[PDB]
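Considered here are two forms of the same protein chain, supplied as structure tokens in two stand-alone entries, structure 1 and structure 2.
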Structure 1
């Protein structure tokens, strides 16, 4: 009678959110701790809907077993789907995701990254954990009255800008669709890229990836920046030409950099590669610089974000069962 959903890779918090928000939905929900892989795909027997996540390995064999079991929808409770062999589904079931949003989580994370690399909080941690309370080399800069250059004045950039204005930073910004009323309200100034590069003590990337923003941060543009600039990217990996970023670090143009995204993150992120070789030379090199901080696309990861993802997942499933268009469908080609 009720729609039967099997969930994989569930943590206590996921379970509580699905039971809490799903109370209104008329689904019958079973929560498993294991990931969805070919070892576990036969547990989908008897279910109508499978809910998956970023650690699953949803390959051909997994897909085949779920289709044979008559699964009709695979709902990913995340924005990525690189772990799904889309080409093998063949419309045997639909696939849906949850697009990234959570703009406060991400703007807040960005400021946490700026401060962590500016003030060396990660490095201090590793020292004190080992009983080393020396602070030599950990000096940073005050943000007060420095200039933040914000690339992108969407919803994430606006939240970011309002926080940095709270630090009494001076804020300049670049966007192809500037909004002068928001600039008046938050107290920042729109400028060209050239002006932003020349004048900014810290630079954050908060703009979408298009042909024109692809590798916008590269050798040429970093030459225009101030020596010692702090760069942060929680937007998209491909906004930065990573190889050039390595040279600018070496030349000392870039004072520090924090990356929550990476141009070839698909091969690395969300996975523990701590016991295997990292084949990407540029990533392996970035990980050895004292002033590089990398994190694995975690800017979103707050309980509020997770709760909204949970809601979107339940709405995804309801829309499917009611035959509505799937706005979060992942197309199979």
Structure 2
């Protein structure tokens, strides 16, 4: 009887929500379109809206939603940078799924590092055509190199542990360093500049905020070591992509793996192979021998997707029963 409208849905999302939703007393409607100001009108008559990471939940969208009497905005993801929280004004509540599986993203990040370092993705395309030459595929041992992690949160700290198992030296930067964890894991907090100057490999694992937007830009990349391997499974807006293209052309950047991209919203998760990709930077990034782009799949495991579904359904059950909202996103 609680009526739920879901945006940006794929078949994998739907199957999970139908299966696990069978034990909840919900009406579930599934839409393919992203939630934006153009589609916000479709929320009319629903109690709960379920949004995802690439929905444009700006003021206009939020106004139309409150106007339509929406009681709850449920985000089926850990990120909320794309919802303009100040504009909600407590006219409805916002919940997210914060800890479905930090391991999924940390593990993926390690995958991406090794893929671009050891050029696994290029190897595969060669051996498929029967090219078994390995010229140009030489990488570097991670062992005893320095990895620099920006964001020592749930994901960042698991990433650090893994890398320490590789016997990498790890340095890290966080707005709120946690020295205890550093002693347990065996890593040293440093400034951003020290991280840039000493890191052979750099990974972004902080949220997108006003302070992190474009934190990786021409100026910060000039401070990195030539041949630095950079990986981003955070948010696309962490990197000024145009500057990334230049730092690739300058051979500052040894290789880069991007699971997210600043203007990904009309592309990612969709098969755009039969039309023009209109974003110039995205097209150009796809033509670099040492760029690996994957469509925001760091989160994408069966454990992670399972927990997102269950935690999302419970977030909603908990709201309708007037229970305390453990996964509220404070506004």
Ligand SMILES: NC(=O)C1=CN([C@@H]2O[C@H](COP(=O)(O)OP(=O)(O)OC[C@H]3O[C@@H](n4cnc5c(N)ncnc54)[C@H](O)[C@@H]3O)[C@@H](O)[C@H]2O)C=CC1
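Numbering follows the first chain given and starts at 1. Definition used throughout: the rigid core is the maximal C-alpha set that superposes within 1.5 Å between two forms.
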### Query
Which one here is the form deposited without the named molecule?
1
### 2 Å-or-more CA mover between the two structures, where superposition uses the core and the choices are 90, 132, 199, 122
90
### Query
Which rotation angle in degrees describes the motion of the smaller rigid part relative to the larger between the two structures?
36
### Query
Where the rigid core has been superposed, how far does the Cα of residue 267 end up moving between the two structures, given in Å?
1.2
### Query
Rigid core superposed, residue 22 Cα shift between the two structures in Å?
5.8
### Message
So with the rigid core superposed, the C-alpha of residue 101 shifts by how many Å between the two structures?
### Response
3.9
